[PDB]
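Shown next, in structure tokens, is the structure this report addresses.
All Cβ positions, even for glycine, are placed from backbone atoms using ideal geometry, and neighbour counts span all protein chains on display. Each reported figure results from applying straightforward, stated rules to the coordinates on display, with no laboratory input.
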Amino acid sequence: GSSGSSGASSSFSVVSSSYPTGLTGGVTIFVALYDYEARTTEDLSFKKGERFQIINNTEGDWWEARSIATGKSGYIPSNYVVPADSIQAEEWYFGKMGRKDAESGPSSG
């Protein structure tokens, strides 16, 4: 389905929007391992290394989530995104940590 190789020669400086704390509800964290492109307004535009709040996960085909960074919302294929808890391809983070900060704080039991 229009599968090729991404390559958008462009670099935009965007402020790092930290994630919201004190989360309470029926939402699950998911990360995009492969860079996808929202085909239609209904679909959600996500990239490799982007998080999204799973709002509805009734149909495996496509799940409705709301990006936490940009704040977008649509539908993303569960065959491309995986839960940071059951990371089936953790290998990405295991070897390619990409970008992240160290969890400093021994206090937290």
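Within segment 52-73, how many residues are of a type in the set (D, E, K, R), surrounded by 15 or more Cβ atoms within 10 Å (Cβ to Cβ) and not in a strand (DSSP E or B)? Full working, then the answer.
Of segment 52-73, the ones of a type in the set (D, E, K, R) are 59, 61, 64, 66, 72.
With surrounded by 15 or more Cβ atoms within 10 Å (Cβ to Cβ) added as a condition, the list becomes 64, 66, 72.
Now restrict to residues that are not in a strand (DSSP E or B): 72.
Total meeting the criteria: 1.
Restricting to segment 7-39, and then to whatever is in contact with a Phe, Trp or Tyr (Cβ under 9 Å, 6 or more places away or on another chain) and assigned to a loop (DSSP other than H, G, I, E, B), can you tell me which residue is nearest to residue 91 (Cα to Cα)? Quick ask: steps written out before the conclusion?
Here is the first cut: in segment 7-39, the ones in contact with a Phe, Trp or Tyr (Cβ under 9 Å, 6 or more places away or on another chain) are 29-38.
Those still in the list that are assigned to a loop (DSSP other than H, G, I, E, B) too: 33-38.
On the way: 33: 10, 34: 13, 35: 16, 36: 19, 37: 23, 38: 25 Å.
Only one residue fits best here, namely 33.
Restricting to segment 79-106, and then to whatever is of a type in the set (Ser, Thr, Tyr) and loosely packed, with under 10 Cβ neighbours inside 10 Å, can you tell me which residue is nearest to the chain's Cα centre (by Cα)?
Going residue by residue through segment 79-106, those that are of a type in the set (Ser, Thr, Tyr) are 80, 86, 93, 104.
Restricting the remaining residues to those that are loosely packed, with under 10 Cβ neighbours inside 10 Å gives 86, 104.
Working: 86: 14, 104: 23 Å.
Ranking the candidates gives 86 first.
With respect to residue 84, is the statement that it is of a type in the set (A, V, I, L, M) and in contact (Cβ under 8 Å) with a residue 40 or more places away in the chain true? Spell out how you get there, then give the answer.
Values: of a type in the set (A, V, I, L, M): yes; in contact (Cβ under 8 Å) with a residue 40 or more places away in the chain: yes.
Considered against the rule, which asks whether it is of a type in the set (A, V, I, L, M) and in contact (Cβ under 8 Å) with a residue 40 or more places away in the chain, residue 84 comes out as yes.
Inspect segment 94-105 for any residue being farther than 19 Å from residue 20 by Cβ, in contact with an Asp or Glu (Cβ under 9 Å, 6 or more places away or on another chain) and not in a strand (DSSP E or B) and give the result as yes or no.
Within segment 94-105, not a single residue is farther than 19 Å from residue 20 by Cβ, in contact with an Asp or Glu (Cβ under 9 Å, 6 or more places away or on another chain) and not in a strand (DSSP E or B).
Has segment 3-12 got at least one residue that is touching a strand residue (DSSP E or B) at 6+ places or on another chain (Cβ under 9 Å) and surrounded by fewer than 14 Cβ atoms within 10 Å (Cβ to Cβ)?
no
Test residue 49 against the stated conditions and say whether it is part of a loop (DSSP other than H, G, I, E, B) and loosely packed, with under 15 Cβ neighbours inside 10 Å.
No, not satisfied.
Report yes if some residue within segment 25-40 is free of Cβ contacts under 8 Å to residues at least 60 places away in the same chain and touching a helix residue (DSSP H, G or I) at 6+ places or on another chain (Cβ under 7 Å); otherwise report no.
Within segment 25-40, one or more residues are free of Cβ contacts under 8 Å to residues at least 60 places away in the same chain and touching a helix residue (DSSP H, G or I) at 6+ places or on another chain (Cβ under 7 Å).
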